[PDB]
Amino acid sequence: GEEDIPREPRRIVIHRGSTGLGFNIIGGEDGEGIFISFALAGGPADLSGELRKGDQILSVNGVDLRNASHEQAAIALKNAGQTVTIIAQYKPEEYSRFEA
């Protein structure tokens, strides 16, 4: 299950369409990281097969989010336009500190 999920960074392009990107993030203050916290069934992120709960979002449209606050990352995603290029890396241990 978890073992075979690729741990390298990946570049994923999704389109916003008329639906939203189809995922939520969690984060905190600068340095806490930005993680996918929820994936909407049938949304763009889900349909990609390439994004999941526990992925750290490293960048959006080339902008580094490794040290972004939650609000900073959320504004970046909201303003990323109709085509959103995400670099994500699967970080289940770090994400486990946010997920109850």
# chains A, B, ... in the order shown; residues from 1 in each chain; ligands from 1

call {"tool": "residues_around", "arguments": {"residues": "stretch 36-43 of chain A", "least_positions_apart": "6", "cutoff": "6 Å", "atoms": "only C-alpha atoms", "output": "number ranges by chain"}}
result
A: 22-26, 53-55

call {"tool": "residues_around", "arguments": {"residues": "residue A:72", "least_positions_apart": "6", "cutoff": "12 Å", "atoms": "only C-alpha atoms", "output": "ChimeraX atom specification"}}
result
/A:25-31,33-34,59-60,63-66,78-79

call {"tool": "write_last_selection", "arguments": {"atoms": "N, CA and C atoms", "output": "CSV table (one decimal), in the first residue's frame"}}
result
chain,number,residue,atom,x,y,z
A,25,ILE,N,-6.0,22.2,1.5
A,25,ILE,CA,-4.7,22.1,2.1
A,25,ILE,C,-4.8,22.4,3.6
A,26,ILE,N,-3.8,22.0,4.3
A,26,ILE,CA,-3.6,22.4,5.7
A,26,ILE,C,-2.1,22.9,5.8
A,27,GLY,N,-1.9,23.8,6.7
A,27,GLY,CA,-0.6,24.4,7.0
A,27,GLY,C,-0.7,25.2,8.2
A,28,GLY,N,0.3,26.0,8.5
A,28,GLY,CA,0.3,26.9,9.6
A,28,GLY,C,1.0,28.1,9.4
A,29,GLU,N,2.0,28.4,10.2
A,29,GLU,CA,2.9,29.6,10.0
A,29,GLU,C,4.1,29.2,9.2
A,30,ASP,N,4.9,30.2,8.8
A,30,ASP,CA,6.1,30.0,7.9
A,30,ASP,C,6.9,28.8,8.5
A,31,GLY,N,7.2,27.8,7.6
A,31,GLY,CA,8.0,26.7,7.9
A,31,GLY,C,7.3,25.4,8.3
A,33,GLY,N,5.1,23.9,6.5
A,33,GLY,CA,4.8,23.1,5.3
A,33,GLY,C,3.3,23.2,4.9
A,34,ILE,N,3.0,22.8,3.7
A,34,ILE,CA,1.7,22.8,3.1
A,34,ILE,C,1.3,21.4,2.6
A,59,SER,N,5.5,23.7,-4.6
A,59,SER,CA,5.4,24.9,-5.4
A,59,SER,C,4.1,24.9,-6.2
A,60,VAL,N,3.6,26.1,-6.5
A,60,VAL,CA,2.5,26.3,-7.3
A,60,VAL,C,2.8,27.4,-8.4
A,63,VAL,N,6.2,29.0,-7.9
A,63,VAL,CA,6.5,29.8,-6.7
A,63,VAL,C,6.6,28.8,-5.5
A,64,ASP,N,7.8,28.9,-4.8
A,64,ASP,CA,8.2,28.1,-3.8
A,64,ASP,C,7.2,28.3,-2.6
A,65,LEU,N,6.6,27.2,-2.1
A,65,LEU,CA,5.8,27.2,-0.9
A,65,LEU,C,6.3,26.3,0.2
A,66,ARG,N,7.6,25.9,0.2
A,66,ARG,CA,8.2,25.2,1.2
A,66,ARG,C,8.1,25.9,2.6
A,78,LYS,N,-5.6,30.1,-5.1
A,78,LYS,CA,-6.8,30.8,-5.5
A,78,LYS,C,-6.4,31.6,-6.8
A,79,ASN,N,-5.2,32.2,-6.8
A,79,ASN,CA,-4.9,33.1,-7.9
A,79,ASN,C,-4.0,32.5,-9.0

call {"tool": "closest_residue", "arguments": {"among": "A:35, A:83, A:9, A:47", "to": "residue A:69", "atoms": "only C-alpha atoms"}}
result
A:35

call {"tool": "closest_residue", "arguments": {"among": "A:2, A:62, A:56, A:17", "to": "residue A:85", "atoms": "only C-alpha atoms"}}
result
A:62

call {"tool": "select_by_dssp", "arguments": {"residues": "stretch 35-77 of chain A", "states": "strand (DSSP E)", "output": "MDAnalysis selection string"}}
result
chainID A and resid 35:39 55:60 63:64

call {"tool": "write_last_selection", "arguments": {"atoms": "N, CA and C atoms", "output": "PDB file, in the first residue's frame"}}
result
ATOM      1  N   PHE A  35       0.236  20.884   3.104  1.00  0.00           N
ATOM      2  CA  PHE A  35      -0.099  19.499   2.803  1.00  0.00           C
ATOM      3  C   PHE A  35      -1.530  19.384   2.310  1.00  0.00           C
ATOM      4  N   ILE A  36      -1.751  18.466   1.373  1.00  0.00           N
ATOM      5  CA  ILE A  36      -3.115  18.174   0.947  1.00  0.00           C
ATOM      6  C   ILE A  36      -3.840  17.470   2.083  1.00  0.00           C
ATOM      7  N   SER A  37      -4.968  18.043   2.505  1.00  0.00           N
ATOM      8  CA  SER A  37      -5.729  17.555   3.646  1.00  0.00           C
ATOM      9  C   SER A  37      -7.036  16.887   3.255  1.00  0.00           C
ATOM     10  N   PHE A  38      -7.464  17.035   2.011  1.00  0.00           N
ATOM     11  CA  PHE A  38      -8.729  16.476   1.575  1.00  0.00           C
ATOM     12  C   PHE A  38      -8.778  16.476   0.059  1.00  0.00           C
ATOM     13  N   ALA A  39      -9.317  15.397  -0.505  1.00  0.00           N
ATOM     14  CA  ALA A  39      -9.459  15.247  -1.961  1.00  0.00           C
ATOM     15  C   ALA A  39     -10.937  14.986  -2.289  1.00  0.00           C
ATOM     16  N   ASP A  55       0.396  14.499   0.501  1.00  0.00           N
ATOM     17  CA  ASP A  55       1.344  15.168  -0.381  1.00  0.00           C
ATOM     18  C   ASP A  55       1.672  16.552   0.159  1.00  0.00           C
ATOM     19  N   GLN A  56       2.963  16.856   0.287  1.00  0.00           N
ATOM     20  CA  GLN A  56       3.380  18.235   0.502  1.00  0.00           C
ATOM     21  C   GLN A  56       3.379  18.987  -0.827  1.00  0.00           C
ATOM     22  N   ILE A  57       2.797  20.181  -0.832  1.00  0.00           N
ATOM     23  CA  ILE A  57       2.855  21.072  -1.985  1.00  0.00           C
ATOM     24  C   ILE A  57       4.133  21.892  -1.882  1.00  0.00           C
ATOM     25  N   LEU A  58       5.087  21.621  -2.782  1.00  0.00           N
ATOM     26  CA  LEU A  58       6.361  22.332  -2.785  1.00  0.00           C
ATOM     27  C   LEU A  58       6.300  23.631  -3.571  1.00  0.00           C
ATOM     28  N   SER A  59       5.479  23.699  -4.612  1.00  0.00           N
ATOM     29  CA  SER A  59       5.394  24.935  -5.372  1.00  0.00           C
ATOM     30  C   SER A  59       4.099  24.936  -6.166  1.00  0.00           C
ATOM     31  N   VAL A  60       3.634  26.143  -6.485  1.00  0.00           N
ATOM     32  CA  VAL A  60       2.467  26.338  -7.342  1.00  0.00           C
ATOM     33  C   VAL A  60       2.846  27.359  -8.401  1.00  0.00           C
ATOM     34  N   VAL A  63       6.205  28.982  -7.919  1.00  0.00           N
ATOM     35  CA  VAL A  63       6.456  29.750  -6.707  1.00  0.00           C
ATOM     36  C   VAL A  63       6.648  28.797  -5.538  1.00  0.00           C
ATOM     37  N   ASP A  64       7.774  28.950  -4.849  1.00  0.00           N
ATOM     38  CA  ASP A  64       8.153  28.074  -3.750  1.00  0.00           C
ATOM     39  C   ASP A  64       7.211  28.259  -2.565  1.00  0.00           C
TER      40      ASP A  64
END
